[PDB]
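For reference, start19.cif (mmCIF, C-alpha atoms):
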data_entry
loop_
_atom_site.label_atom_id
_atom_site.label_comp_id
_atom_site.auth_asym_id
_atom_site.auth_seq_id
_atom_site.Cartn_x
_atom_site.Cartn_y
_atom_site.Cartn_z
CA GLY A 1 -15.22 22.90 8.58
CA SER A 2 -12.30 21.18 6.88
CA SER A 3 -9.45 23.66 7.06
CA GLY A 4 -6.24 22.52 5.41
CA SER A 5 -3.04 22.44 7.44
CA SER A 6 0.66 22.12 6.73
CA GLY A 7 4.12 23.11 7.92
CA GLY A 8 5.91 20.35 9.80
CA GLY A 9 5.47 17.91 12.66
CA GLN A 10 6.11 14.18 12.62
CA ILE A 11 4.67 10.93 11.32
CA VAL A 12 2.15 9.06 13.43
CA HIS A 13 3.85 6.97 16.08
CA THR A 14 1.25 4.31 15.35
CA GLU A 15 -0.55 3.00 12.29
CA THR A 16 -4.20 2.28 11.60
CA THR A 17 -6.49 0.57 9.12
CA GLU A 18 -9.94 1.54 7.89
CA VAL A 19 -12.34 -1.37 7.67
CA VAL A 20 -15.33 -0.59 5.48
CA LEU A 21 -18.17 -3.00 6.16
CA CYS A 22 -21.49 -3.16 4.35
CA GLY A 23 -24.74 -4.89 5.24
CA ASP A 24 -28.44 -4.52 5.92
CA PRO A 25 -30.02 -3.07 9.07
CA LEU A 26 -31.60 -6.45 9.70
CA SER A 27 -28.71 -8.78 8.96
CA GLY A 28 -26.43 -6.05 10.28
CA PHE A 29 -22.80 -6.87 9.56
CA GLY A 30 -21.05 -9.69 11.36
CA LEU A 31 -18.64 -8.74 14.13
CA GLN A 32 -18.53 -8.77 17.91
CA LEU A 33 -16.80 -6.23 20.11
CA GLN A 34 -14.98 -7.10 23.31
CA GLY A 35 -14.72 -4.79 26.30
CA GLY A 36 -16.02 -4.15 29.79
CA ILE A 37 -18.65 -6.51 31.16
CA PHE A 38 -21.16 -3.75 31.77
CA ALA A 39 -22.58 -1.65 28.95
CA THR A 40 -23.54 1.48 30.85
CA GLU A 41 -19.97 2.60 31.40
CA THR A 42 -17.25 4.47 29.55
CA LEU A 43 -14.42 2.58 27.91
CA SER A 44 -10.91 3.25 29.17
CA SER A 45 -9.50 1.12 26.38
CA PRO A 46 -10.46 0.10 22.84
CA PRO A 47 -12.62 -3.01 22.46
CA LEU A 48 -11.22 -6.01 20.64
CA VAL A 49 -12.92 -8.17 18.04
CA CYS A 50 -14.59 -10.51 20.50
CA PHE A 51 -15.83 -12.58 17.59
CA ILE A 52 -16.56 -12.44 13.88
CA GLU A 53 -19.33 -13.90 11.75
CA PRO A 54 -18.39 -16.52 9.16
CA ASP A 55 -18.93 -15.46 5.57
CA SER A 56 -19.85 -12.10 7.05
CA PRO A 57 -18.76 -8.65 5.86
CA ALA A 58 -16.45 -8.08 8.80
CA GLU A 59 -14.84 -11.38 7.89
CA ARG A 60 -14.69 -10.62 4.18
CA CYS A 61 -12.30 -7.85 5.14
CA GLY A 62 -10.00 -10.64 6.27
CA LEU A 63 -7.64 -8.08 7.74
CA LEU A 64 -10.11 -8.04 10.61
CA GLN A 65 -9.94 -10.86 13.12
CA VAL A 66 -10.31 -11.76 16.78
CA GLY A 67 -7.85 -9.78 18.86
CA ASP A 68 -7.84 -6.71 16.66
CA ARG A 69 -8.65 -3.36 18.24
CA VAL A 70 -11.29 -0.74 17.55
CA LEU A 71 -10.02 2.76 18.24
CA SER A 72 -12.99 4.58 16.75
CA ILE A 73 -16.07 3.78 14.70
CA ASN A 74 -17.06 5.99 11.79
CA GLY A 75 -14.82 8.56 13.45
CA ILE A 76 -16.28 8.03 16.90
CA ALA A 77 -13.66 7.11 19.48
CA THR A 78 -14.59 4.07 21.53
CA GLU A 79 -12.40 5.14 24.42
CA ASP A 80 -14.42 8.34 24.57
CA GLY A 81 -17.67 6.43 24.93
CA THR A 82 -19.40 3.48 26.54
CA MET A 83 -19.41 -0.14 25.42
CA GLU A 84 -23.04 0.16 24.36
CA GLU A 85 -22.33 3.33 22.41
CA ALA A 86 -19.66 1.42 20.53
CA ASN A 87 -22.13 -1.34 19.73
CA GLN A 88 -24.85 1.19 19.02
CA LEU A 89 -22.45 3.10 16.79
CA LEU A 90 -22.36 -0.09 14.75
CA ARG A 91 -26.14 -0.15 14.64
CA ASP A 92 -26.62 3.34 13.26
CA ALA A 93 -23.89 2.50 10.78
CA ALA A 94 -25.80 -0.59 9.71
CA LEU A 95 -28.79 1.63 9.02
CA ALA A 96 -26.38 3.39 6.68
CA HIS A 97 -25.50 0.12 5.01
CA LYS A 98 -21.90 1.15 5.56
CA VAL A 99 -19.52 1.47 8.49
CA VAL A 100 -15.92 2.45 9.13
CA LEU A 101 -13.75 0.97 11.86
CA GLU A 102 -10.30 2.08 12.97
CA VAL A 103 -7.82 -0.50 14.19
CA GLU A 104 -4.56 0.23 15.98
CA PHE A 105 -1.20 -1.40 15.35
CA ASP A 106 2.47 -0.82 14.63
CA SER A 107 2.97 -1.41 10.92
CA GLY A 108 6.22 -3.34 11.04
CA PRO A 109 7.85 -6.69 11.81
CA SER A 110 5.08 -7.92 14.08
CA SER A 111 6.22 -11.46 14.76
CA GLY A 112 4.00 -13.94 16.56
#

This entry written out as structure tokens:
Amino acid sequence: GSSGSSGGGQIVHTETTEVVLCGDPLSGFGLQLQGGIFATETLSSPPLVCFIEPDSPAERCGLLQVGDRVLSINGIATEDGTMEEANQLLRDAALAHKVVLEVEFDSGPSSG
């Protein structure tokens, strides 16, 4: 199951942030993913936050915003799935009243 590990290695070359969203299965959450046009097709890259709902849970996180990336969802890699799956993954999560998203970025002097 969860076997502990240790010894050496190196720090992650990239950083990430866990976005915990909560909502009902009806009202869902409040976030839109951005990726391939077609649904029935794997994702070579992580989908971006196409859009976000105002006063929504995804927005309440603040940290989240259009442009962000979604590596995995609840531990499910988006690149190892299809657009739909990603969206669907958000559905099942909604039914849980909780969801976890993983964003990618280089924690540092990100000027813009």

To box region 11-25 of chain A, take all atoms listed in the file, fit an axis-aligned box, add 6 Å on each side, and give centre and edge lengths in Å to one decimal, as AutoDock Vina command-line options.
--center_x -12.7 --center_y 3.0 --center_z 10.2 --size_x 46.7 --size_y 27.8 --size_z 23.7

Decode the PyMOL selection byres ((chain A and resi 72) around 9) for the given file into explicit residues and return them as number ranges by chain.
-> A: 46, 70-71, 73-80, 86, 100-103

What does the distance between CA of residue 22 (chain A) and CA of residue 57 (chain A) come to in Å, to one decimal place?
->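 Between CA of residue 22 (chain A) and CA of residue 57 (chain A) the gap works out to 6.3 Å.
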
Nearest to residue 107 (chain A) among A:58, A:94, A:64, A:12, with distances taken over only C-alpha atoms: which residue is it?
->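 That would be A:12, the residue with the smallest distance to residue 107 (chain A).
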
Using the chain letters and numbers from the file, give me the residues hit by the PyMOL selection byres ((chain A and resi 47) around 6), as a list in words.
->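 Checked against the file, the PyMOL selection byres ((chain A and resi 47) around 6) matches residues 33, 34, 35, 46, 48, 69 and 70 of chain A.
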
Two-atom distance - CA of residue 55 (chain A), CA of residue 99 (chain A) (Å) = 17.2 Å

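Here CA of residue 42 (chain A) and CA of residue 105 (chain A) stand 22.2 Å from one another.
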
In terms of the shortest atom-to-atom distance over only C-alpha atoms, which of A:7, A:85, A:54, A:68 is closest to residue 19 (chain A)?
->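 Closest candidate: A:68.
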
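Proximity of A:32, A:5, A:10, A:16 to residue 83 (chain A), computed with only C-alpha atoms, is greatest for A:32.
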
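Between residue 61 (chain A) and the candidates A:6, A:87, A:17, A:45, the tightest atom-to-atom separation, counting only C-alpha atoms, involves A:17.
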
If you apply the PyMOL selection byres ((chain A and resi 24) around 10) to this file, what residues do you get, as a list in words?
-> residues 22, 23, 25, 26, 27, 28, 29, 93, 94, 95, 96, 97 and 98 of chain A
